[PDB]
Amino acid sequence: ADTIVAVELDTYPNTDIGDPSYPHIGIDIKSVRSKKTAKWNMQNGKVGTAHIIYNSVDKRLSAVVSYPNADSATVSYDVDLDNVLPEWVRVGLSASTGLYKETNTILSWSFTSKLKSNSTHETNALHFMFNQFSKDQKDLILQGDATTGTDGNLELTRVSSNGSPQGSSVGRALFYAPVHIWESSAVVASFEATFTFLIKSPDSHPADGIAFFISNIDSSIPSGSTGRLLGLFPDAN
(Lines of atoms letter the chains of each structure in order from A and count residues from 1; the text may use other names and numbers.)
(Lines give C-alpha, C1' and ligand atoms only; values in the text may rest on other atoms or scores of the structure.)
Protein backbone atom coordinates (compact mmCIF):
# COMPACT_ATOMS: atom_id res chain seq x y z
CA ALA A 1 0.00 0.00 0.00
CA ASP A 2 1.45 3.41 -0.98
CA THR A 3 1.64 6.35 1.48
CA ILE A 4 0.39 9.49 -0.25
CA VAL A 5 0.17 13.17 0.71
CA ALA A 6 -1.38 15.26 -1.95
CA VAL A 7 -2.69 18.67 -3.02
CA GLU A 8 -5.62 17.99 -5.42
CA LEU A 9 -7.08 20.34 -7.96
CA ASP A 10 -10.37 18.42 -8.26
CA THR A 11 -12.42 19.56 -11.20
CA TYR A 12 -15.20 17.04 -10.59
CA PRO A 13 -17.53 16.87 -7.54
CA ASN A 14 -17.95 13.30 -6.26
CA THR A 15 -20.20 14.05 -3.36
CA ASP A 16 -20.65 10.34 -2.57
CA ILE A 17 -16.99 10.41 -1.41
CA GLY A 18 -17.33 13.70 0.43
CA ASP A 19 -16.29 16.17 -2.30
CA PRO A 20 -18.03 19.50 -1.84
CA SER A 21 -20.58 20.33 -4.59
CA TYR A 22 -18.17 22.39 -6.70
CA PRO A 23 -14.61 22.15 -8.16
CA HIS A 24 -12.21 22.61 -5.23
CA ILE A 25 -8.68 22.27 -4.06
CA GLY A 26 -7.93 19.91 -1.22
CA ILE A 27 -5.24 18.54 1.06
CA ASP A 28 -5.24 14.76 1.09
CA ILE A 29 -3.48 12.78 3.77
CA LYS A 30 -3.56 9.03 2.97
CA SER A 31 -7.16 9.29 1.65
CA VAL A 32 -8.80 10.82 -1.43
CA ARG A 33 -11.25 12.17 1.18
CA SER A 34 -9.57 15.55 1.73
CA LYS A 35 -8.78 16.67 5.17
CA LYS A 36 -9.47 20.27 4.14
CA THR A 37 -10.98 21.77 0.99
CA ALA A 38 -11.69 25.16 -0.58
CA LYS A 39 -13.96 26.23 -3.43
CA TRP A 40 -12.02 26.68 -6.61
CA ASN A 41 -13.29 28.52 -9.62
CA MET A 42 -11.60 26.32 -12.32
CA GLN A 43 -11.46 28.05 -15.75
CA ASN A 44 -11.76 25.72 -18.70
CA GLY A 45 -9.06 26.24 -21.33
CA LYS A 46 -7.03 28.77 -19.40
CA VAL A 47 -3.53 28.48 -17.90
CA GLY A 48 -3.37 28.55 -14.13
CA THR A 49 -0.67 28.22 -11.43
CA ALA A 50 -0.49 26.26 -8.21
CA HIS A 51 1.97 26.66 -5.28
CA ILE A 52 2.30 24.21 -2.45
CA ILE A 53 4.45 24.92 0.63
CA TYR A 54 5.35 23.22 3.94
CA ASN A 55 7.82 23.65 6.71
CA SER A 56 8.55 21.56 9.75
CA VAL A 57 8.37 24.50 12.17
CA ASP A 58 4.69 25.47 11.57
CA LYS A 59 4.01 21.89 10.28
CA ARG A 60 1.45 23.27 7.95
CA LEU A 61 0.86 22.23 4.40
CA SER A 62 -0.65 24.96 2.32
CA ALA A 63 -1.50 25.60 -1.35
CA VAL A 64 -2.81 28.50 -3.52
CA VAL A 65 -4.18 28.08 -7.01
CA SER A 66 -4.62 31.06 -9.21
CA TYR A 67 -5.50 32.41 -12.68
CA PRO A 68 -4.26 35.80 -13.82
CA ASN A 69 -6.67 38.60 -12.74
CA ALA A 70 -8.87 36.27 -10.64
CA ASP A 71 -9.21 35.77 -6.86
CA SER A 72 -6.96 32.90 -5.69
CA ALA A 73 -8.10 29.81 -3.88
CA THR A 74 -6.15 28.73 -0.84
CA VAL A 75 -6.27 25.82 1.62
CA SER A 76 -4.20 24.82 4.62
CA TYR A 77 -3.93 21.95 6.99
CA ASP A 78 -1.96 21.37 10.21
CA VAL A 79 -0.06 18.13 9.80
CA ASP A 80 3.31 16.93 10.93
CA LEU A 81 4.67 15.26 7.77
CA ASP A 82 7.29 13.25 9.70
CA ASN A 83 4.37 11.45 11.40
CA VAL A 84 2.99 10.53 7.96
CA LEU A 85 5.55 10.13 5.19
CA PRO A 86 8.67 7.88 5.15
CA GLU A 87 12.04 9.80 5.52
CA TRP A 88 12.70 9.40 1.81
CA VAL A 89 9.99 10.04 -0.75
CA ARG A 90 9.42 10.78 -4.41
CA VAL A 91 7.54 13.87 -5.62
CA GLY A 92 5.25 13.90 -8.61
CA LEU A 93 2.20 15.19 -10.60
CA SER A 94 -0.88 12.89 -11.08
CA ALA A 95 -4.04 13.37 -13.12
CA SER A 96 -7.02 11.38 -14.27
CA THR A 97 -10.24 11.25 -16.35
CA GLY A 98 -13.23 8.90 -15.90
CA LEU A 99 -16.58 8.93 -17.60
CA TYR A 100 -16.04 12.69 -17.91
CA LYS A 101 -12.78 14.13 -19.29
CA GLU A 102 -10.31 17.03 -19.67
CA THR A 103 -6.74 17.44 -20.97
CA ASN A 104 -4.42 17.56 -18.05
CA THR A 105 -1.50 19.58 -19.57
CA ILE A 106 1.47 20.63 -17.39
CA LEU A 107 3.35 23.60 -18.80
CA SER A 108 6.02 23.87 -16.07
CA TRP A 109 6.92 22.40 -12.74
CA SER A 110 9.48 23.26 -10.07
CA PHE A 111 10.31 22.00 -6.63
CA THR A 112 12.75 23.09 -3.82
CA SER A 113 13.41 21.09 -0.71
CA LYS A 114 15.81 22.07 2.11
CA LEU A 115 16.74 20.20 5.26
CA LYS A 116 18.99 21.78 7.90
CA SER A 117 20.46 19.36 10.50
CA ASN A 118 20.63 19.95 14.31
CA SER A 119 23.83 18.04 14.97
CA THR A 120 25.81 20.16 12.49
CA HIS A 121 23.48 23.03 11.48
CA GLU A 122 24.23 22.33 7.80
CA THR A 123 21.82 22.08 4.83
CA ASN A 124 21.03 19.57 2.18
CA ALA A 125 18.92 20.90 -0.73
CA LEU A 126 17.31 19.75 -3.95
CA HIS A 127 15.94 22.05 -6.69
CA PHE A 128 14.53 21.27 -10.09
CA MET A 129 12.79 23.41 -12.72
CA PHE A 130 11.08 22.33 -15.92
CA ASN A 131 9.88 25.21 -18.10
CA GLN A 132 9.50 22.79 -20.95
CA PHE A 133 9.43 19.03 -21.30
CA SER A 134 11.17 17.06 -24.06
CA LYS A 135 10.15 13.78 -25.74
CA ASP A 136 12.66 11.62 -23.91
CA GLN A 137 12.63 13.26 -20.48
CA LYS A 138 15.04 10.97 -18.54
CA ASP A 139 14.78 12.67 -15.18
CA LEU A 140 11.02 11.82 -14.96
CA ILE A 141 9.50 8.47 -14.29
CA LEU A 142 6.41 8.45 -16.52
CA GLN A 143 3.64 6.20 -15.22
CA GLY A 144 0.43 5.00 -17.05
CA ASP A 145 -0.75 7.50 -19.72
CA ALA A 146 1.68 10.33 -19.02
CA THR A 147 3.62 11.49 -22.06
CA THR A 148 6.04 14.44 -22.55
CA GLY A 149 7.38 16.61 -25.28
CA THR A 150 4.27 17.21 -27.37
CA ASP A 151 4.70 20.98 -27.95
CA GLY A 152 7.19 20.84 -25.04
CA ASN A 153 4.39 19.96 -22.58
CA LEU A 154 3.76 17.15 -20.18
CA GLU A 155 0.34 15.53 -20.86
CA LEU A 156 -0.58 13.55 -17.79
CA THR A 157 -3.64 11.89 -19.49
CA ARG A 158 -4.39 10.84 -23.05
CA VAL A 159 -4.95 13.45 -25.66
CA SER A 160 -6.00 12.23 -29.06
CA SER A 161 -4.21 13.49 -32.17
CA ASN A 162 -7.08 16.00 -32.87
CA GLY A 163 -6.46 17.61 -29.49
CA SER A 164 -9.37 16.04 -27.56
CA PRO A 165 -9.02 14.43 -24.07
CA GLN A 166 -9.92 10.77 -23.49
CA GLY A 167 -11.98 9.39 -20.59
CA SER A 168 -10.85 6.54 -18.20
CA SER A 169 -7.20 7.87 -18.34
CA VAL A 170 -4.64 8.06 -15.55
CA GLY A 171 -0.96 9.29 -15.77
CA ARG A 172 1.84 10.50 -13.36
CA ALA A 173 5.31 12.04 -13.68
CA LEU A 174 7.64 11.55 -10.72
CA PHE A 175 11.04 13.27 -10.34
CA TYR A 176 13.78 10.58 -10.76
CA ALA A 177 15.74 11.35 -7.49
CA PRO A 178 14.43 10.49 -4.06
CA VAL A 179 13.98 13.52 -1.77
CA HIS A 180 14.98 13.59 1.84
CA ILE A 181 11.81 15.38 3.02
CA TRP A 182 12.58 15.12 6.74
CA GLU A 183 15.38 13.89 9.03
CA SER A 184 15.02 13.39 12.77
CA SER A 185 17.87 15.86 13.47
CA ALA A 186 16.72 18.75 11.19
CA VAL A 187 16.22 22.17 12.85
CA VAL A 188 13.97 23.09 9.97
CA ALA A 189 12.91 21.18 6.89
CA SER A 190 10.83 22.80 4.14
CA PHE A 191 9.62 22.52 0.58
CA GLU A 192 7.81 24.35 -2.11
CA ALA A 193 6.39 23.20 -5.41
CA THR A 194 5.00 25.21 -8.29
CA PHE A 195 3.28 24.10 -11.47
CA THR A 196 1.39 25.79 -14.31
CA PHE A 197 -1.47 23.70 -15.84
CA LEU A 198 -3.98 23.92 -18.68
CA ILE A 199 -7.26 22.04 -18.06
CA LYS A 200 -9.55 22.17 -21.13
CA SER A 201 -12.66 20.07 -22.03
CA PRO A 202 -15.01 20.42 -24.98
CA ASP A 203 -17.67 18.91 -22.50
CA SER A 204 -19.81 21.18 -20.25
CA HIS A 205 -18.49 18.84 -17.56
CA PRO A 206 -14.71 18.32 -17.04
CA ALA A 207 -13.07 15.62 -14.98
CA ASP A 208 -11.20 14.61 -12.91
CA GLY A 209 -8.29 16.68 -11.58
CA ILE A 210 -4.46 17.00 -11.21
CA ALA A 211 -2.70 16.54 -8.02
CA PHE A 212 0.84 17.33 -6.65
CA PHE A 213 1.92 14.38 -4.56
CA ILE A 214 4.59 13.02 -2.27
CA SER A 215 4.85 9.22 -1.89
CA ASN A 216 7.00 6.28 -0.83
CA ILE A 217 9.79 6.13 -3.44
CA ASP A 218 8.57 2.86 -4.99
CA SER A 219 5.04 4.18 -5.58
CA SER A 220 2.94 3.25 -8.62
CA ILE A 221 -0.56 4.07 -9.91
CA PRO A 222 -2.98 1.99 -7.93
CA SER A 223 -4.95 -0.58 -9.88
CA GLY A 224 -8.11 1.06 -11.33
CA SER A 225 -7.32 4.57 -9.94
CA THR A 226 -8.78 6.40 -12.95
CA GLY A 227 -11.59 8.82 -12.29
CA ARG A 228 -12.23 10.23 -8.84
CA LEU A 229 -9.16 8.43 -7.34
CA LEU A 230 -6.83 10.76 -9.22
CA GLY A 231 -4.10 8.05 -9.84
CA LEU A 232 -3.28 8.19 -6.17
CA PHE A 233 -5.38 5.88 -4.09
CA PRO A 234 -6.43 2.20 -4.36
CA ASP A 235 -9.95 3.00 -3.06
CA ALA A 236 -12.34 5.71 -1.76
CA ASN A 237 -11.88 5.18 1.95
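From 1 onward, residues are counted along the sequence shown.
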Legend entry - Mean C-alpha temperature factor, higher of 70-78 and 112-120: 112-120
Inset, instruction - Please work out which of 32-40 and 200-208 has the higher mean CA B-factor as recorded in the PDB entry. - result: 200-208
Inset, instruction - Compare the CA B factors listed in the entry for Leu61, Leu174, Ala50, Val187 and report the winner. - result: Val187
Inset, instruction - Please work out which residue in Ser94, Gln143, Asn104, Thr150 has the highest C-alpha B-factor recorded for this crystal structure. - result: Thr150
Inset, instruction - Looking at the entry's B-factor column for C-alpha atoms only, identify whether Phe191 ranks in the lowest, middle or highest third of its chain. - result: middle
Legend entry - CA B-factor ranking of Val179, expressed as a third of its chain: middle
Inset, instruction - Just say lowest, middle or highest third for the CA B-factor of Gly98 relative to the other modelled residues in its chain. - result: lowest
Inset, instruction - Place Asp19 in the lowest, middle or highest third of its chain's C-alpha B-factors, as listed in the PDB entry. - result: middle
Inset, instruction - Could you say whether, by C-alpha temperature factor, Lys135 belongs to the lowest, middle or highest third of its chain? - result: highest
